[PDB]
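>>> these chains are from a complex, not moved at all, and more is on the way:
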Amino acid sequence: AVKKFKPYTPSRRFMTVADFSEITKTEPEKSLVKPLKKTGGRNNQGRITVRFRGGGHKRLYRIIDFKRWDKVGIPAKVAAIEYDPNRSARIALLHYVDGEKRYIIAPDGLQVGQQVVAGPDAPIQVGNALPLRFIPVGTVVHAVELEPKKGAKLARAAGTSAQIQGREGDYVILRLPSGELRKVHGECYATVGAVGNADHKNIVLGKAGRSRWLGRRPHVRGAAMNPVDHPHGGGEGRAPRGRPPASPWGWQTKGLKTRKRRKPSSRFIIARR
């Protein structure tokens, strides 16, 4: 869990690569990949709408199953645990008995050979997925639906999870990985346990190039621009912001809240980040 390196170069000093022990299969499931279009952060008009992107490895997209409920009651055996370049986590390849192959995003604690199933039935065990209403309160759970049948949305990122705090009416009270407190509808599926590859946050990029491999290009500071360019540009040697700090588009960037206030989902929230 987290490879380190001798310092036989600079930057090989602080580098850290993930441990790949959990990985069973070294090439993906041909059935389950589509190629994906790399945007470079350019939207349909050829305009950059997210800065500092592009470069980075050719990448095959793995189509992963975010609705477990098409297969209700059909068991499946976990066939392998794989590397997915498109996400923080690991994907499990698993074979349904009725012969369909799907990718689940791998819970921690899941191992190859395990027997897994989703439905309002089903044991409470790692990898099984149920309607939220049927998980015992106090469970920790991942890959959670936010509206019934709409796809899993919350807690898909390596090492994240969420927790059932209580039930009220048609809805259950979820603690999100943000610490926000949310009612989610009881009918929403979720699959028990946390996401794993939790050691993920401790990997140390370690050198400039290695940030490029991830397709994120250099990020140049406001301060280091001119005034045509940023609210912080201009000013001889350095200078401080000399105004409350701002985005290139000139809104305030320290503490100013951007959530819409009159948003209808406010009726469903109790907490923050």
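Structure received. Residues are numbered from 1 along each chain as shown, chains lettered A, B, ... in the order given.
>>> switch to C-alpha atoms for all contacts and neighbour counts from now on
Noted.
>>> in chain A, which residue is most central in space?
What sits nearest the mean C-alpha location of chain A, by C-alpha atoms, centre = their mean, is residue A:157, with 3.1 Å.
>>> residues in contact with that residue?
Residue A:157 sits next to A:87-89, A:195 when contact means C-alpha atoms under 8 Å, 6 or more residues apart in numbering.
>>> what segments of the stretch 151-273 of chain A are helices?
A:208-213 (DSSP state H, counting those that start in this stretch).
>>> can you give me the strands in the stretch 151-273 of chain A?
A:152-154, A:162-168, A:171-175, A:181-185, A:189-192 (DSSP state E, counting those that start in this stretch).
>>> show me what the third one is packed up against.
In this structure, strand A:171-175 makes packing contacts with strand A:162-168, strand A:181-185, judged by 3 or more C-alpha pairs under 8 Å, 6 or more residues apart in numbering; DSSP states H and E.
>>> could you also fit chain B onto it:
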Amino acid sequence: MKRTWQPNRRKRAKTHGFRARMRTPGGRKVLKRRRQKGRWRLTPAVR
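Time to bring in chain B:
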């Protein structure tokens, strides 16, 4: 040292050529303009 003209026949038809002009309203007017000025060539040679 590398100058601004790097002839590419495909580029030239694709960019300034006839169908290109006729695709856009702006371009239809170029043609309209040139035709009315009496140009011998409404659009570059290319090939």
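>>> bridging residues for the nearest residue to residue A:138 once chain neighbours are set aside?
Nearest residue to residue A:138, sequence neighbours excluded (C-alpha to C-alpha, 6 or more residues apart in numbering or on different chains): residue A:164, at 5.1 Å. Residue A:164 has these beta-bridge partners by DSSP bridges: residue A:174.
>>> quick check: residue A:164 touching residue A:175?
Yes. Using C-alpha atoms under 8 Å, residue A:164 makes contact with residue A:175 at a distance of 6.5 Å.
>>> residue B:26: helix or strand, and which one exactly?
helix B:25-37 (DSSP states H and E).
>>> give the contact list for the closest residue to residue A:179 other than its chain neighbours.
In this structure, residue A:179 finds its nearest non-sequential neighbour in residue A:272, 6.4 Å apart by C-alpha to C-alpha, 6+ apart. Residue A:272 is in contact with A:178-181, counting by C-alpha atoms under 8 Å, 6 or more residues apart in numbering or on different chains.
>>> also put RNA strand C on there:
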RNA sequence: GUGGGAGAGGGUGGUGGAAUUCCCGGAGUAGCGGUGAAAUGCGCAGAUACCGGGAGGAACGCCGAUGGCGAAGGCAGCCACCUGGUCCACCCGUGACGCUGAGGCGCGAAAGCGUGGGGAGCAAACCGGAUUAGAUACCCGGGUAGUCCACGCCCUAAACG
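To build on what is shown above, here is RNA strand C added in:
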């Protein structure tokens, strides 16, 4: 060796109620706190005291002893798993196979350090109220590290009989 015994001895995983604190709701009004006496602070934007609902962290009351276990440091709600030492009995086996121990190795309260977490109460530093000639203190109101978990360091002590 065999047969037994006591115990907060250690490690892992669970799990319980009490209380504090914070949140919602209900009810309810002008003060609560705090001290040597006060002030700072909290409170008609509805505090305190009361009832209900919930979240969370830490510590385990009575049993509890001038008691027990451990080589030491140390160990105290309950339950399970894994495990150390130790005493008694019958007098069975090996046959001096012993004692000590420079170095070496390991363990080592608290505080401190690193990377993650976690953070209720307490609280170095820090702010404020008092006291005082003054008070960078004692007392009061606040309060961050830390106190807790994991992994890794540190290796000290009135580490004392």
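>>> ok so, going back, phi and psi next, for the residue nearest to the centre of chain A.
Torsion angles at residue A:157 (phi, psi; degrees, to the nearest 10) stand at phi -100, psi 140.
>>> now it: how far from residue A:128?
18 Å (C-alpha to C-alpha, to the nearest Å).
>>> same question, residue A:63
From residue A:63 to residue A:128 the distance is 19 Å (C-alpha to C-alpha).
>>> run a quick neighbour tally on residue 23.
All of this refers to chain A. 15 (other C-alpha atoms under 10 Å in any protein chain shown).
>>> not what I meant, chain B
10.
>>> what do you get for the one 4 residues further on?
Residues near residue B:27, counting by other C-alpha under 10 Å, number 16.
>>> for it, what are its contacts?
With C-alpha under 8 Å, 6+ apart, residue B:27 has these contacts: B:20-21.
>>> I am finished for the moment; much appreciated.
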